[PDB]
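Quick setup: one chain, the form deposited in one PDB entry, written in structure tokens, and binding and motion questions come after.
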């Protein structure tokens, strides 16, 4: 896929427990590189990737964390303001806690220029308003969200956001891809094997494992007699290993003796060709 820069903002109100907590994280692809927490004693943008603590920042952009800190504090204040007005739009009491989330950033195209921009919001975990891919128009999910859409159309906020995408967003994504090249411009293929777990006289579990892959996107399936078995099998949600790689497995329950009917199929960007393998 294309490289992506994404920020995720979460704010939660806490009635009778003071101000909303604001949390920010930034990702290049599936690698986190920064954080901000309004509840930290002295909240600032902190690095969350080794390549964001290399000599280059201090040697060439020493105010990098100060700028992000300043922008994050601003966002915290905007989101406090957003939770107040949303309570109004939806006629909800001061007493219940609510959540506002924002995802935004840019996909980098081969032209070294913007491929796609995102700017979208949820309230209490449901679509509220999104910027459409054309980057000039808005999708509002309900009556409340049309209030914001009219507000933002009238102020021309779309045009403002485009300016960020085509400017800072792609420029900084390219800076991160360069300075974190070893980590980010890489595709660790999955290593796959099959394991064998008796269940009963009528069932043996075949579990196909994919380990140590980056990025997270993968295709992992069983065929019986070359017929896809997604419809029968247990497929776990892709999970982090905790070292910057991902894990997955797919299990089928099979009649004992029928093991050689079943083939596991692995597809990942790091693989020269898809993998096919079987129990031992």
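Take the two forms, find the largest set of C-alpha atoms that superpose within 1.5 Å, and that set is the rigid core. Positions refer to the first chain, counted from 1.
Of the two stretches examined, 252-260 and 7-15, the record assigns the greater average C-alpha temperature factor to 252-260. Note on 166-174 vs 109-117: mean CA B-factor is higher in 109-117. Comparing C-alpha B-factors across 199, 100, 184, 208 in the deposited entry, the largest value falls on 199.
Set against one another, the Cα B-factors of 237, 37, 60, 46 in the record reach their highest point at 60.
Per the deposited record, the Cα B-factor of residue 157 falls in the highest third when ranked against the other modelled residues of its chain. When the modelled residues of the chain are ordered by C-alpha B-factor, residue 75 sits in the lowest third. Among the modelled residues of its chain, residue 32 has a C-alpha B-factor that falls in the lowest third according to the deposited record.
Among the modelled residues of the chain, residue 42 sits in the highest third by CA temperature factor in this PDB entry. In this PDB entry, the Cα temperature factor of residue 55 sits in the top third of its chain's modelled residues, the highest group.
What follows is about the form deposited in another entry, which we do not show.
Once the cores line up, the CA of residue 95 ends up less than 2 angstroms apart between the shown form and the other one. Once both forms are fitted on their core, a CA shift of 2 Å or more is seen for residue 110 between the shown form and the other one. With the core held fixed between the shown form and the other one, residue 217 has its Cα displaced by under 2 Å.
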